[PDB]
C-alpha cells in the first residue's frame, strides 16, 4: 500500500530518548510532509467508515500529539472533535483519571459536559505503548456514559501489550513495531 508507505517512511526512530531503554517514534515528519499527513488521516478515516458505518458521533483527541490528528480525522468524517487533556488545563467541572507514566503518576481530564449519555466516540492518539493513556481516556468517556467504539493510533508498540490492556475496546493502528 503506497499510502501506508508514505506514512511509514516519515516515522523516525530515536534510541534512548528520552531516557535509556526507550526507542522514541517521532511522527514529526508525517506532519511536515502534507502528502504523508493526508495519507495518515485517509487511512484512519477509511478504516473507521468501513468498520463503523455511520455510527460514530465524535472523535476524541488526546493531549497533546493526538490533537495533531483528531480535528483533521473528525473533519474528514464530517464529525466534531472532543478533547481529553492533561489535568489542570480545562475550565468548568471536570472528571479526571490517573495511570502511571514513567516512574510515577499523571492524570487526564475531560469536561463533565463533553458528551451526553449514549454518544459514540472513537479515541485517537499518535502512538499506543502500554495503553495507560488510552485506557484512562476510555475510563473518562465511560464515566460520561459514552460508548467507546474504538481506539486508533498511527503507531503501536506490540511488545507492550496495550491492545490487550484496552480489550474489550477494539484497537487499530496503521503501523506496528516491537
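Residue numbers count along the first chain shown, from 1.
In the comparison with other entries of the same protein, residue 100 is left without coordinates in at least one third of those covering both sides of it. Stretches 108-116 and 122-130 differ in mean C-alpha B factor, with the higher average recorded for 108-116. Judged by mean Cα B factor in the deposited record, 164-172 ranks above the other of 164-172 and 21-29.
Among 34, 54, 42, 61, the highest C-alpha B-factor in the deposited entry belongs to 54. When the modelled residues of the chain are ordered by C-alpha B-factor, residue 72 sits in the lowest third. Per-chain ranking of the deposited C-alpha B factor places residue 82 in the lowest third.
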